[PDB]
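Participant: model this:
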Amino acid sequence: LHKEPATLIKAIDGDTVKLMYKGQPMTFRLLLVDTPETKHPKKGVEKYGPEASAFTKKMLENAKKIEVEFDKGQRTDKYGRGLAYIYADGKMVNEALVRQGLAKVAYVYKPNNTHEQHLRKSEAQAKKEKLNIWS
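Facilitator: Residues are numbered from 1 along each chain as shown. Please find the structure below.
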């Protein structure tokens with residue numbers, strides 16, 4: 001696994017972001033995490049949805065360097081979104097969301113599961129501290 005540089009274009013949701021990656025605009029979906037929805041009219045704005053989106057936005061907007069990390073499996077989903085681990089100045093947004101209790105560790109599909117243990121460890125901590133989702 002290796003990181004590649006990307007440039008932010010627009011944060012769309014806690015778990016979905018648009019980046020410029022190798023000269024092309026691309027929508028990225030954050031691997032292994034599910035943040036509460038602000039979009040989908042299924043229901044509307046779930047609780048901590050606006051909070052998760054603001055966290056992702058801020059972390060990405062205030063960064064010096066953004067990097068995308070592809071996992072070992074397929075690199076895009078059926079909607080055409082890149083599937084990756086996103087890093088803001090060396091810190092993984094995916095993990096930070098979970099550690100802050102703003103995201104669940106999603107259903108994991110091998111072999112796209114390399115940082116799974118790390119994230120479930122972070123989700124257990126957030127559960128212990130009863131943060132946001134877990135309170």
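Participant: Can you report how many residues lie near residue 74?
Facilitator: 12 (other CB atoms under 10 Å). C-beta here means a position set from N, CA and C on the backbone, and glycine is covered the same way.
Participant: Centroid-nearest residue for the protein?
Facilitator: Taking CA atoms, centre = their mean, the centroid of the chain lies closest to residue 30, which sits 3.4 Å from it.
Participant: Beta-bridge partners for it, please?
Facilitator: Applying DSSP bridges to residue 30 gives these bridge partners: residue 84.
Participant: What's the separation between it and residue 12?
Facilitator: Remark: distance between residue 30 and residue 12 (CB to CB, to the nearest Å) = 11 Å.
Participant: can I assume the residue nearest to the centre of the chain is in contact with residue 95?
Facilitator: No: taking contacts as CB atoms under 8 Å, residue 30 lies outside contact range of residue 95: 10.0 Å.
Participant: elements contacting the helix or strand residue 51 falls within?
Facilitator: Assigned by DSSP states H and E, residue 51 falls within helix 49-61. Packing partners of helix 49-61 (3 or more CB pairs under 8 Å, 6 or more residues apart in numbering; DSSP states H and E): strand 3-11, strand 82-88, helix 93-99.
Participant: Assign the closest residue to residue 71 other than its chain neighbours to helix, strand or coil.
Facilitator: Once flanking residues are discounted, residue 71 sits nearest to residue 112: 4.3 Å by CB to CB, 6 or more residues apart in numbering. The three-state label given to residue 112 by DSSP: H, G, I helix; E, B strand; the rest coil is coil.
Participant: Quick one: residues contacting residue 111.
Facilitator: If a contact means CB atoms under 8 Å, 6 or more residues apart in numbering, then residue 111 has 71, 72, 73 as its contacts.
Participant: repeat that with 10 Å
Facilitator: Listed by CB atoms under 10 Å, 6 or more residues apart in numbering, the contact partners of residue 111 are 71, 72, 73, 74.
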